[PDB]
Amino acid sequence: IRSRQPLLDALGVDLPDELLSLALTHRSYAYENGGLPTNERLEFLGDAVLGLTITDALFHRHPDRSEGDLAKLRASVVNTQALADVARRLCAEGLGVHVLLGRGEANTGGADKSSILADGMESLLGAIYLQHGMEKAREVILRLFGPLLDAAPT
């Protein structure tokens, strides 16, 4: 846990301490500690960044498939379940270990709630894009989602 280097490593980029902390701040932790900013805005941003990147890739990889099919192939790659699994294996400990959660949420399995893991994954993508820009975020995403992509066709 504690050390975030194995995480900054999985990601492949570097993130200032404050931004990475915000990215890992689930709302529960935020409320329990006096109304701290949450990773929700970052999640919102990361969702659009991930959405375009996966859309762009599928568009190029399947020139002959229809919008509808493309929409179906995308849904395979970015659903809550698929995102959470990327967080769970992002690094040895997994992402769950690094998420800041409230007492309640904490002992209720919070650190493994796919829901929370998916949101968290999106927040990080959001932070990366904010700190570095589209192309770097693109790289990182093509790497973490490189497999789930090849899988989508089936």
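We number the residues from 1 along the sequence you see.
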Determine, for stretches 87-95 and 41-49, which one has the higher mean CA B-factor as deposited.
87-95
Is the mean CA B factor in the deposited entry higher across 138-146 or across 19-27?
138-146
Quick one: which of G120, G126, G102, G68 has the biggest Cα B-factor according to the entry?
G102
For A10, does the deposited CA B-factor place it in the lowest, middle or highest third of the chain?
highest
Going by the recorded CA B-factors, say which third of the chain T55 sits in, lowest, middle or highest.
lowest
